[PDB]
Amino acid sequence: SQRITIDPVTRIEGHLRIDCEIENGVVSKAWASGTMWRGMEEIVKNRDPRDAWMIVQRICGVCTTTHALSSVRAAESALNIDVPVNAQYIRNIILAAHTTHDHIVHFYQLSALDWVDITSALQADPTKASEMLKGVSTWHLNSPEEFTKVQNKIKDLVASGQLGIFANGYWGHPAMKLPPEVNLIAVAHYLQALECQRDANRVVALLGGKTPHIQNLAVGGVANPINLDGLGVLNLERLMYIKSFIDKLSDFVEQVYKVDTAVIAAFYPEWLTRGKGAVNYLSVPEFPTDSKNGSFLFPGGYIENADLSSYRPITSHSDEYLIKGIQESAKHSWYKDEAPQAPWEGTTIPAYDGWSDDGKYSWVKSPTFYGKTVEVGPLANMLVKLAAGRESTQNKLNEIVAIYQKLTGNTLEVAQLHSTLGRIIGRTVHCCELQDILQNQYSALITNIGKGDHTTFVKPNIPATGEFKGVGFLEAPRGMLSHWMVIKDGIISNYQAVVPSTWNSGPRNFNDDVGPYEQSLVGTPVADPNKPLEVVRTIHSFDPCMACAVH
């Protein structure tokens, strides 16, 4: 075989190394390695439970908001606090708007240059490019004039001899399949995406106090003061401003990102037949809307051996079957204790001894669910919604499939979603459905305030003795997140984060079973082992976040 290393993997969050053995141009075995650790679990220990969320939010700034929200949910779980419904609406709007920005940036700024060749875009006929989209999109910024302006910006950059972020990209690689015209379309959309994601984060900022790293949470609810008639607080004028940004997201999401997802799939049909990482999938329900931390707008569940028809629904963040199943192992990770650990009893004891193919090779732990490897994130999330018979999800997928069918003459079956492109599709479906979440929760907030409920915060009490345990689940952009807090004598005695990229990127486990990234790469063709674009395509479909994975 030949042995390659990809280090650093770029266009992810954080520090990733991927190694592959290649046999006759086909990946036979792979290793995923998170190469940076901070010890954020140990840093937060021995503090007041109320302080955790501000600290652990810094696990990641790409998936900002997520660890903050999981941490307060964990403390509320431990303390048995029911969050005020207004606090849930506000948390929900933040998470949905955040995730909109996140997914858009992943598709365009992080992933598009795996599939798109900017050199080829310079050869495009901008008018032919525009005409290709007639009857496929109603987006208002697909004109030949827009595309020519974009083409000229690329031309100018190439001409400068200072290619910067585009230098030494995979231009003319044999796995680049788009015609010039579609390459130019995608670059134009890449630039337009930046405005849409900016608007999404204006929503986040107006409730969170800023982004990155929101500052409006509390164990017990939120710090936003609801008062329609108050100066300097969350009044009707402020809410109207929030709404003005919510309303700006939908057109790009539906007429650009959704469409490009189908267009990419149409030109790369082999990528429906590789990059399967697992046969089990997990998601948690999300966006609670009652006064008791439930009544979620999105459903969760567990699929085993790819069988949607027999999946197990999860409708509560207190589900004992979900809680009891989760363990992590450090057999092949740089920690001391190797046997599977339930997170309330987890340790994180560093034991770096360098790279070994058969020993320890990552700072990521290996999570299992009742002993099995599981993929999390948008593929899981979409499949669970389909298994639930959620019509909104079916319908949205069907819209992507209809565009794909128009371009290719072919449909897509669910079997084909267990793939690199299926994973990308799941993420797009999520982004689309989140726009209805935003409308729904903004309307719910306005209605509730109108009824006279301005409550936002229930002040916790924390017993100064005794030992008690909580867990906060969250369906993050990259999948199921859980923070596990043990409180003893009023302070955090254990804190364990089990993060979605931990599930997907973790190394071989206690039984030497292979997790999603590593499994997904088996079978990948590598045309040029010096430039393994095909490996990076599949890895990027998981939206790696290694600050998240490792913490």
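When you see a residue number, it is the position in the sequence shown, counting from 1.
For the pair 285-293 and 475-483, the record assigns the higher mean C-alpha temperature factor to 285-293. Higher mean CA temperature factor, per the PDB entry, when comparing 537-545 with 524-532: 524-532. The residue among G377, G409, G221, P225 whose C-alpha atom has the highest B-factor in the PDB entry is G409. Note on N80, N280, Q435, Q416: the highest value goes to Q416, judged by CA B factor as recorded. Among all modelled residues in this chain, the alpha-carbon of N305 has a temperature factor (C-alpha) in the highest third.
In the deposited entry, the Cα temperature factor of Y170 places it in the highest third of its chain's modelled residues. Residue-level temperature factors show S71 in the lowest third of its chain, judged at the C-alpha atom.
In this PDB entry, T64 carries a Cα temperature factor that places it within the lowest third of its chain's modelled residues. When the modelled residues of the chain are ordered by C-alpha B-factor, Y361 sits in the middle third.
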